[PDB]
């Protein structure tokens, strides 16, 4: 099904074996400050996520200040947790520093559109980059068709900068630039992203549209997140981006067994 592996320097992610779990590192910063309390709680969280089945650790971030916060955490996690690190930035300079610090994958919520030079950073360090659907508006003519269009405009920016197809991952950008009904419509029609030929990452964890359906606060969205993860895997996604790693790994693992992955 995938004729290649996702190459991440020292680590390699097989795309056929199983749904790969991306753990969302909570990055609660110190008010006083790369301080000991914030980097240690990060390492501890990354270790916990590694222990409960995460395959990648996703680490998110004033641009100079963004780097000062995220760089130390990538250094500490990179050393202490043997897992690929994605950097959750749309800024080119932030991405540069993060891979330099030890990050393996770029996670861009603006799919190379907010700062085109990020794809150029991706191309040079030769790292996988996640291009997420996003726009500064909701004026959809046709949600899915526009989504796939907007995604292609990311692929073109990426390809034009030198990014190899094998380093391109797509993300439907659930919870971004979409109404709650449009988020459900995108979930309903997720399999359409497959025609683009790239691995898909789904990021739905605890998001507002789950709460909109279930009428439940963020800490009560685990079952709703599970439904989205399940439908997502059934519709072909290679990755899920989750806060609840233990639960979602068990769910991903069971989907896999059933769908024949």
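Numbering follows the first chain given and starts at 1.
Across the other entries compared, none leave residue 194 without coordinates where the residues on each side are present, so it is far from a third. Among the other PDB entries of this protein that were compared and that flank it with modelled residues, residue 225 is modelled in all, so it is never left out in a third of them. The entry models residue 26 and residue 27 with no unmodelled deposited residue separating them.
Count the deposited residues lacking coordinates between residue 61 and residue 62 and you get 10 or more of them.
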